[PDB]
Structure formats: C-alpha cells, structure tokens
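Working notes for the structure below.
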Amino acid sequence: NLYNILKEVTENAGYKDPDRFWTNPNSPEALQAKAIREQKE
Amino acid sequence: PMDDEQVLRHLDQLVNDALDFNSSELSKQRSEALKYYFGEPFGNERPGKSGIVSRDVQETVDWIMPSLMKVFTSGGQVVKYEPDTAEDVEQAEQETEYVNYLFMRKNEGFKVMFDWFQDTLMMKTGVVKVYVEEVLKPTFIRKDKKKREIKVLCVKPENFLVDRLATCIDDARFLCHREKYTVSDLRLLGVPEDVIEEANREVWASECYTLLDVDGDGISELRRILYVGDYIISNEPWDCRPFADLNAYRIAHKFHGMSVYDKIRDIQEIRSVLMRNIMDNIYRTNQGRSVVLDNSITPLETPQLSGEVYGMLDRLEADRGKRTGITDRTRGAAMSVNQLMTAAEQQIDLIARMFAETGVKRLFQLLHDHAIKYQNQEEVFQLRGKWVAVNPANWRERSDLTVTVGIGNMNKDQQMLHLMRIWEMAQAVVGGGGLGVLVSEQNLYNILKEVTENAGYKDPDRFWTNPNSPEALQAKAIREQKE
Amino acid sequence: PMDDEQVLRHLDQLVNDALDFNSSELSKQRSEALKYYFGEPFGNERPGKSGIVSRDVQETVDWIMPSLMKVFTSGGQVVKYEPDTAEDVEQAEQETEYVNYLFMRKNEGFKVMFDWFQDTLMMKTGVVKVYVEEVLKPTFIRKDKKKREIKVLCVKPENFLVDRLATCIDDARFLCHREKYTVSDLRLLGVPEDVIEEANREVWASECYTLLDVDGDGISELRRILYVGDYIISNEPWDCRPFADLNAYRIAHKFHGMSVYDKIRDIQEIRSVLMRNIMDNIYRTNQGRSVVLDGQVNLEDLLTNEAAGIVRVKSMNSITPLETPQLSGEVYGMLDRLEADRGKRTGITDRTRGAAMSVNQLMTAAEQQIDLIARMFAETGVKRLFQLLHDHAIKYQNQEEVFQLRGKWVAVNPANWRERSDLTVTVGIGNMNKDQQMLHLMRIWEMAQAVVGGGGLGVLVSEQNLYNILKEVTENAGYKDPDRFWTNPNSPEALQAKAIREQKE
Amino acid sequence: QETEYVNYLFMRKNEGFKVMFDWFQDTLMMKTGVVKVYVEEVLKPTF
C-alpha cells in the first residue's frame with residue numbers, strides 16, 4: 001500500500017498505471033522484493 | 001445522371017454564387033480587419049488634423065503568437081496516435097515521427113502554421129491546401145525516379161470560395177480553390193490553346209470538389225474538377241478534401257470564423273480615438289481660442305483635460321489582457337505552481353486546443369496521402385531504420401491532449417514537478433526499500449528518462465536502457481549480486 | 001523561342017517596372033524610416049522653436065541587436081544538417097564545419113550578417129548576393145593560381161530591382177541587381193566600347209536572373225543576363241539565385257516586409273511630439289503671456305526676453321496678462337508608459353531583463369519575441385547556407401579543416417543532405433548554453449551521485465558515455481573537442497585507464 | 001473498464017471534447033444546451 005500511497009501522487013502527476021507501475025503485489029518481484037531481499041539480508 | 005457538361009455550368013453557377021456571397025461578406029470583413037491591424041486612418045481623420053491611429057491588435061498578436069509557438073514548436077511530441085497497447089512502438093510513435101519529421105524539417109517547419117494562425121485571427125479564417133508532386137534528376141547512384149511528395153500550402157482563403165452552408169470541413173458540398181497556374185503549367189498539362197484570360201499570360205485557375213450524380217446511379221463520390229476557364233478540366237473521383245477552415249474562436253454554428261479583429265476592433269477604436277481627442281484638446285489649449293473681429297476681445301479658455309483621463313488607458317490595456325490574454329501584465333511556497341497555472345488559465349491555450357484538434361484532421365489527411373503512396377524512405381527517428389510508410393495503419397485517431405490546458409503538464413512544470421517528486425520519493429525508496437526492490441534500475445531507466453526527454457534529448461544522449469543485454473548482463477547481474 | 005534580342009527588351013521593360021514600383025514605394029518607406037531613425041526634425045518644426053526629436057527607435061535597435069549577436073555569434077553549432085544517422089561524422093558535421101568555418105572567420109565575419117539584420121529591420125528588406133572569384137600570386141612553393149572562391153556582399157536592395165510578385169526567394173521571375181562595375185571591370189571583361197554613362201566613367205551595371213523560352217522548347221531554366229547598358233551581356237543557364245530577402249517580421253503574403261520602423265515610428269512620434277510640447281509650454285510659462293496693445297509698448301516689451309525688465313507702456317498699465325496653464329507631471333508617467341509599450345511591442349522586457357533560479361534565465365527574459373525573429377531569420381539563413389553549400393560542392397577547393405584536429409578532404413564532392421537543421425537555436429527545445437549547461441550540470445551531478453550510490457560507476461552510463469556527459473559541459477564552456485579530450489574510448493588510454501586499472505587492482 | 005470504454009469512445013473517439021463546449025455555448029448564448037445521439041455502421045471489408 002506504499003505502492004498505492006505513492007500511486008495517488010503518480011495519478012495526480014498525470015500518469016496512473018505504467019509510469020510508476022510499482023505494483024509489487026505478490027509476484028516474482030514481490031517474492032524477491034518483499035521477502036528474499038529483506039528477510040535474508 | 002450521365003452529366004458531363006451540365007456539371008460544368010452547374011459548377012460555374014456555384015462558383016458565381018460563392019464568388020458573390022463569400023467575396024462580398026468575408027472580403028469586406030477581412031479588409032476591415034486588415035485596415036484595423038495595419039493601423040491606417042479609419043477615414044474619420046479630417047485633413048489638417050492628426051489622423052492618430054494607435055495599433056492595438058498588433059501587440060495582441062505579438063502577445064499571443066509566441067505562446068502559440070512554444071506550445072506547438074516544441075519538439076515532435078504534440079500528436080501521438082494512441083493505438084492499442086501492443087502496436088504502439090510498431091507504428092504509432094514510428095509513423096508519428098515519420099509524419100512529423102516529414103512535417104517538421106521537411107514541411108516548412110511551422111511557418112505555414114504561423115500564417116494559418118494569422119489567417120484565422122486577422123484574415124478571419126485559417127485554411128490550407130494539401131497536394132502532391134514529384135522528384136526529378138535520375139541517373140542520366142542518383143536514381144531519383146518517380147519519387148512522390150505530399151506538401152501543404154496556404155491558400156489565401158480569399159482564393160477558397162465556398163458555400164457558407166458547411167460550418168465544418170467535411171460539409172462543403174462545393175469546394176472552390178483559386179490559383180494562377182500560368183503558361184508553364186498550361187504547357188505541362190498539355191493544353192494547346194488558352195482562354196480570354198507570352199509565358200506571362202497571367203491566367204487564373206479554379207479547382208472544384210463536389211459530389212453529384214453523373215453515372216445514373218446512387219450517391220456518387222466527390223469529384224475533383226479542374227474547371228479553369230471552361231477549358232480542359234481534370235475531373236477525378238475525389239476522396240479527401242485537403243483543408244482545415246479555422247475560425248480562431250471555435251464560434252457557434254457558422255463556417256467563417258469571428259476574428260480576433262472582430263472583438264479587439266472596438267478596443268482599438270476606443271484607444272485611438274481617446275488619445276487623439278486628448279492630444280487634439282491639448283493642441284486647442286496651446287493654440288488659444290481668442291475672439292477676433294473683422295480691442296474688446298473675448299478670449300475664452302479651452303477646458304483643459306485632467307490627468308486622470310489616461311488611467312483608462314491602463315484600464316484598456318488591462319482589458320485587452322482580460323479580454324483574451326487575461327494576464328494584463330506579461331505574466332499575471334508552491335512557486336506559483338505550473339507558472340501560476342500556465343499564466344492564469346489562458347484562453348489562448350484554449351484556442352490552441354481547438355487549433356490542435358483542427359490540425360488533427362490535417363494530420364489524418366497527410367497520413368492518408370502518404371499511406372496511399374509517398375516513398376520508401378526511412379526515419380532518422382533517434383536511430384537508423386524505417387520501412388516504407390505507404391502501408392501503415394492510420395489508427396483513425398490522433399492523440400494530442402498533452403498539449404493544452406487539459407492534463408497537459410508543460411515541460412517547464414511537468415519536468416520540474418516530476419524531478420522534485422521523483423527524486424525525493426526515489427531517495428526515500430533507496431533509503432527504505434532499495435534500488436531494484438521497488439521500481440527497478442530497468443525502470444529507473446524510464447524514471448531518469450522523463451527528465452532526459454524533458455531536457456530535449458530523448459533516446460540517444462541518455463540511452464540508459466540497460467534492459468537485458470551485454471550491458472545488463474554485467475550491469476544488472478554480476479556487478480551487484482557477485483560483488 | 002530563339003529569343004536573343006527580344007529577351008533584352010523584355011528584361012529592360014521588367015527593369016523599368018521594377019524601377020518604377022519598387023523604387024517609388026520601397027524607397028519612400030526606407031527614406032521615412034531613415035528620417036525617423038536619425039532623429040532629425042520631421043519637417044513640422046517651424047523656425048524659431050526647438051525641433052527636438054527624442055530618439056526612440058535607435059535605442060530599440062540597440063536593444064534588439066545584441067541578443068541577435070549572442071545567438072548568432074556563438075560557436076559553430078548554429079546549423080546542423082540532420083542526415084541519416086550513420087552518415088553524420090562522415091560529412092554532416094564535417095561539411096557543417098567546412099561551410100561555417102568558411103562562413104565564419106573566412107566570410108567577412110558577421111558584419112555582412114549584421115548589415116543584413118539592419119537591412120531587414122532598418123532598410124526594410126534584408127537581402128545579399130553570393131558570387132565567386134579567383135585567387136592569384138603563383139610561383140613568379142607559392143603555386144596560387146585559379147583557386148575558386150565564393151563570397152557574399154550586401155546588395156543595397158535599392159540596387160536589387162525585383163517584381164513585388166515574388167513574396168518568396170524562389171519566386172522572383174526577374175532578379176535585377178545593380179552594381180557599378182567601372183572601367184576597370186569593363187577592361188577586365190574586354191568590352192572595347194562604353195556607354196553614355198578618364199578611368200572615372202562611373203559606369204553602372206545590372207545583373208538579371210530570369211527564366212523564359214529562348215530555344216523553342218519546353219520551360220527553360222533560369223538565365224543570368226549581364227544587361228549593363230544595352231551592351232555586351234553575359235547570359236548563361238542559371239540554377240541558383242543567391243539571395244535571402246528578409247522582412248524582419250515574417251509578415252504575411254507580401255514580398256517586402258514591414259520594418260521595426262513601421263511599428264515604432266508611432267511610438268517615436270508620440271514621444272517626441274509630447275516632450276517638445278511640454279518643453280514649449282514650459283518656455284511659454286517662463287517668458288510669460290502678457291497682452292500688449294498698440295501705441296503703448298511700442299517696443300513690444302523687447303519680446304519679454306532682454307535684460308531691461310521695464311514694461312515702458314507710455315501712460316497706461318491696465319494690462320491683461322493671462323497666465324499660461326501649467327502642465328502636471330503626470331504626463332511624465334505617460335513617458336514611462338510609452339517606454340513600456342515600446343518594450344512590450346517587441347522587446348517585451350521592460351527592464352534589461354524583466355528556488356529554480358527563475359528557470360532558464362527567467363524563461364529567456366520573459367519569452368522574448370526577438371528570439372522569434374531570430375528563428376525566422378535563421379530559417380532564412382538556412383537558404384543562404386544551402387546556396388553556398390552548392391557554390392562549394394560544385395567546386396570550391398581541396399583544402400582541409402582546422403576542425404579541432406588535422407584533416408579534411410576536398411569539399412567539392414559532398415552530399416548536401418538537402419536539409420539544414422537549426423532547431424536548437426531559438427525559443428523551441430532550444431536549451432540555451434547558459435541554461436542548458438547549468439540544468440545539465442545539476443541534473444547530471446545529482447543523477448551521478450545517485451547512480452554511484454545505487455548502481456555504480458560503469459554499470460550505468462559509463463566512462464565512454466560519462467565522457468560525452470562531461471563533454472556537454474566542455475562544449476558549453478566554449479572548448480569543445482581538444483581542451484577536454486577525455487575520449488578514452490577503446491585505446492591506449494583506455495587500455496591502461498578502462499581495461500586493466502580496476503579489476504586487477 | 002466500461003468507464004474507460006465510454007470515455008475513450010467519448011474523448012478521442014467522439015470528436016474529443018468540442019461538443020460539450022458547444023453544449024455550454026448552446027446554453028449560454030443559445031439558451032438551451034442539447035444534443036442528439038444516434039447510430040451508424042462501418043464498412044470496407046476484405047475486398
């Protein structure tokens with residue numbers, strides 16, 4: 001939801017979906033962008 | 001049905017009607033516009049007294065045109081095609097650069113659009129003609145054979161007689177365009193004779209776009225008729241009319257457009273008359289009104305004019321602002337965001353939105369003219385390589401919303417807000433999350449990109465792509481995870 | 001068809017028409033322009049009173065010119081060719097340097113360009129002539145023979161007779177340019193005789209560019225005719241007309257363009273008339289308006305100006321001295337209003353230059369229209385650049401370039417690319433050096449610190465491209481290639497600087 | 001999804017905006033802003 005929090009800014013900046021995709025919900029990125037990267041370091 | 005000569009006389013009659021009506025009304029209107037702009041005496045200036053005419057609309061044009069050229073003449077990013085998602089890089093931006101790189105740096109740059117603005121604002125209507133020609137000098141290595149070109153020119157809409165019953169570009173049932181096409185063109189066509197009207201025969205020509213029923217059938221196409229002087233014509237099943245017929249204010253349902261002259265003429269008249277009257281009264285006070293006989297003497301004193309009278313001159317200037325360029329001044333925490341909202345929501349940018357929409361039609365016209373057949377030439381579109389654009393997909397839609405008072409975040413504010421917000425946000429990301437964990441170096445590429453393009457260099461100067469490649473294999477794989 | 005003499009009379013008739021029309025109209029326009037500019041009295045100034053003309057357009061021209069010299073007299077980056085991508089370093093910038101290094105530092109400098117600017121703004125039509133000559137002084141080592149040159153001169157468009165029905169450079173069917181070409185040139189050509197018009201025969205000459213049919217064929221090319229005095233002419237098939245016909249404002253569909261004079265003449269008139277009226281009224285108040293009669297004050301009070309101060313009526317001092325009305329100082333504020341209008345008309349900065357440092361030098365001194373005029377001037381000069389590029393790509397010489405390095409082949413076989421790009425020169429993308437460089441500097445430095453922190457040194461933009469990154473700074477500092485070489489691309493300096501000096505240590 | 005469908009068919013596929021501009025005009029000087037919605041078809045198949 002920091003995703004969505006920065007999103008409201010991004011949409012307010014005129015670019016909603018693609019420019020700051022940022023999604024990282026639960027995905028090949030999120031497995032290494034929310035668990036592998038942080039909990040292993 | 002089966003009309004080959006009654007079409008000629010019908011076109012002649014329609015030419016006569018367009019002549020009478022368009023000529024009288026619009027010529028008188030645009031002539032009044034020209035007289036007011038050029039600042040000549042209006043005719044009420046009696047001899048022996050100052051014919052002071054203060055040009056007031058000229059500085060207004062000087063005000064509006066530069067903003068117009070920033071918004072238009074700024075890169076080649078005004079009009080995208082907005083296709084479906086997949087087939088954008090294929091042709092949307094590709095054919096976009098094709099048409100614009102043929103439109104900038106290959107079609108006169110902006111000068112014709114400049115005169116188009118002027119024609120809609122002074123001459124009351126901005127309209128141009130798009131047509132084609134050829135290229136020459138082959139190998140006689142240098143194989144320049146049958147190369148086709150498509151190009152546009154101002155028509156001097158006084159040479160664009162048309163029925164008033166259109167109100168839109170795709171509504172003129174009778175498009176009449178006037179030209180000279182003198183003896184050289186006559187010989188090139190092959191006409192052996194002439195008309196009543198020496199290579200300087202100053203002959204005149206007319207082109208007609210009109211749809212009829214000349215085949216004993218249903219609704220036939222438009223027809224292009226080279227009715228010159230009731231002589232050898234060049235008729236053709238005609239598909240697209242290459243014109244744009246601006247109006248300069250996007251006025252209500254009428255074809256010819258109310259000119260910026262039409263609404264600043266009163267202001268100009270008031271200004272010139274007031275200053276002339278005040279200086280005339282100053283002259284009257286200076287010369288003296290003394291009763292002479294044919295020495296009692298009854299010298300009356302001419303009433304002097306208080307100094308407040310010129311405050312309404314400043315008021316008139318503020319109105320001339322607040323009429324259209326509502327910032328009376330040059331530009332009427334938070335740094336006055338977006339340059340004080342693009343200089344206080346300027347109506348000029350609204351007329352710019354309308355103009356961009358008008359030029360959307362022109363872009364589709366040219367995209368047709370080249371997607372039928374133009375040439376096989378590539379693009380210097382940030383890189384080498386482009387196939388023949390005689391078989392693109394027109395997409396039937398041209399997107400130019402990012403140009404005007406709408407979302408339209410302008411570069412000197414778009415880029416500054418972008419850089420500030422993205423930099424603070426991304427540095428917090430690096431501190432808290434990291435680089436590639438959140439929006440990655442591959443999209444930090446695009447993140448820096450927006451700045452790069454806003455700085456004027458789009459693709460090559462800051463390549464930064466590093467997507468998945470020899471630069472990426474050592475730049476996103478081994479440089480960081482093996483160190 | 002087979003016209004070798006009727007061409008002469010047709011050209012003479014066109015000369016006469018150009019004379020009458022162009023001379024009358026445009027000469028009167030430029031003459032009134034000069035009368036206003038030089039600040040001499042307009043002719044309405046009666047004797048016995050000050051014909052003071054407050055010069056207003058002169059300082060205006062002084063205002064407009066210097067920016068034009070900044071934008072013009074700035075490096076060799078004014079016009080690029082923009083060819084297909086690969087063939088840029090081959091000829092594009094190479095031939096650009098050739099033509100400009102000949103254009104600048106080898107073609108008179110910009111005094112011709114300055115006078116072009118004046119001619120379009122002051123003499124109302126900026127146009128010049130480009131032609132060729134030869135070189136001399138051989139070994140008589142020193143082999144200097146038959147070298148061909150191309151050079152430009154002001155035409156003094158009073159000596160550039162042309163029909164008004166052109167409105168464009170490639171539309172004049174009759175280009176008549178006037179010169180003197182005195183007895184020396186007559187001898188050099190070889191004409192044995194003279195005309196009506198002692199080596200001071202002050203003979204006058206004319207050159208015509210015009211196309212017709214003289215062969216009984218299709219539309220023939222242009223022809224260059226040395227119609228001098230109905231004497232030996234030098235006719236030739238003609239391909240290029242070397243002129244530019246500026247108009248100072250890119251005016252609408254008319255050839256001769258309205259001048260800066262044509263729009264500041266009113267400002268100057270109003271200013272001078274009002275100030276002269278004010279000072280005349282001040283003089284009237286100072287001298288005093290006292291009604292004198294006949295019989296008494298036979299000496300007319302010595303015009304109320306001598307060093308006596310005695311009325312000396314005779315017997316009566318009734319006297320009706322009316323007080324001359326005073327002029328309030330609020331009119332002086334209208335002088336400031338006039339100055340602001342004179343600015344806001346073209347040089348819309350009322351002052352010398354009317355957090356984020358007022359980005360781009362306050363948007364280039366508040367979106368100055370003078371840069372607009374610069375853009376359309378530069379577009380006009382593109383045509384001149386292509387003309388000279390022709391003149392040298394046909395045949396100029398085999399000489400090299402001093403282009404930041406040694407080496408350049410013969411520029412008599414370039415590819416003209418048919419296009420000259422000068423977009424970055426004006427109000428457009430046009431990121432100007434004193435702002436382009438600074439924004440580039442700040443953005444690169446912040447980008448680079450972030451990249452070093454997160455990405456690294458060569459992982460992102462690398463020392464070869466960080467080299468070009470440093471370059472933009474270098475070129476913006478005025479020294480482009482040689483001062484900061486830094487290239488280090490793949491080379492002996494790259495072998496010990498980008499190959500072995502980091503991974504092995 | 002349908003919101004984007006209708007708006008994208010409405011902006012950039014129904015002429016963009018201009019109409020409601022006229023709408024405003026139609027109710028500011030023309031005193032009554034009103035427009036008509038109808039249907040048509042498309043042609044040029046594989047031939």
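Chains: A, B, ... in order of the structure tokens. Residues: from 1 per chain. Ligands: from 1, in order shown.
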
Could the residues of chain B within 6 Å of chain C, counting only C-alpha atoms, be given as a PyMOL selection string, please? chain B and resi 59+73-74+380+384+456+475

Residues of chain B within 7 Å of chain A, using only C-alpha atoms, as a list in words?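 Filtering chain B at 7 Å from chain A with only C-alpha atoms gives residues 407, 437, 438 and 439 of chain B.
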
Could those selected residues go to a file with N, CA, C and O atoms, as a CSV table (one decimal), in the first residue's frame?
chain,number,residue,atom,x,y,z
B,407,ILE,N,-4.9,18.0,-19.2
B,407,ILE,CA,-3.8,17.4,-18.3
B,407,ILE,C,-2.5,18.1,-18.6
B,407,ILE,O,-1.9,18.6,-17.7
B,437,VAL,N,14.5,-3.3,-5.7
B,437,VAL,CA,13.5,-3.9,-5.0
B,437,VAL,C,12.1,-3.2,-5.3
B,437,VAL,O,11.1,-3.9,-5.6
B,438,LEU,N,12.1,-1.9,-5.2
B,438,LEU,CA,11.0,-1.1,-5.7
B,438,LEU,C,11.3,-0.8,-7.2
B,438,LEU,O,12.1,-1.5,-7.8
B,439,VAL,N,10.7,0.2,-7.8
B,439,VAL,CA,10.8,0.4,-9.2
B,439,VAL,C,12.3,0.4,-9.6
B,439,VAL,O,13.1,1.1,-9.0

Which residues, written as a count of residues only, have at least one atom at most 9 Å from stretch 132-142 of chain B, with only C-alpha atoms counted and residues fewer than 5 positions away on the same chain left out? 7

So that I can check the surroundings of stretch 26-30 of chain D, please list as a PyMOL selection string every protein, DNA and RNA residue that reaches within 9 Å of it, counting only C-alpha atoms and ignoring chain neighbours fewer than 5 positions away. (chain B and resi 252) or (chain D and resi 20-21)

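Secondary structure by DSSP on the backbone puts the following residues of chain A in helix (DSSP H, G or I): residues 2, 3, 4, 5, 6, 7, 8, 9, 10, 11, 12, 28, 29, 30, 31, 32, 33, 34, 35, 36, 37, 38 and 39 of chain A.
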
Smallest atom-to-atom distance to residue D:11: which of B:294, B:397, B:62, B:317, using only C-alpha atoms?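 Closest to residue D:11 of all the choices is B:397.
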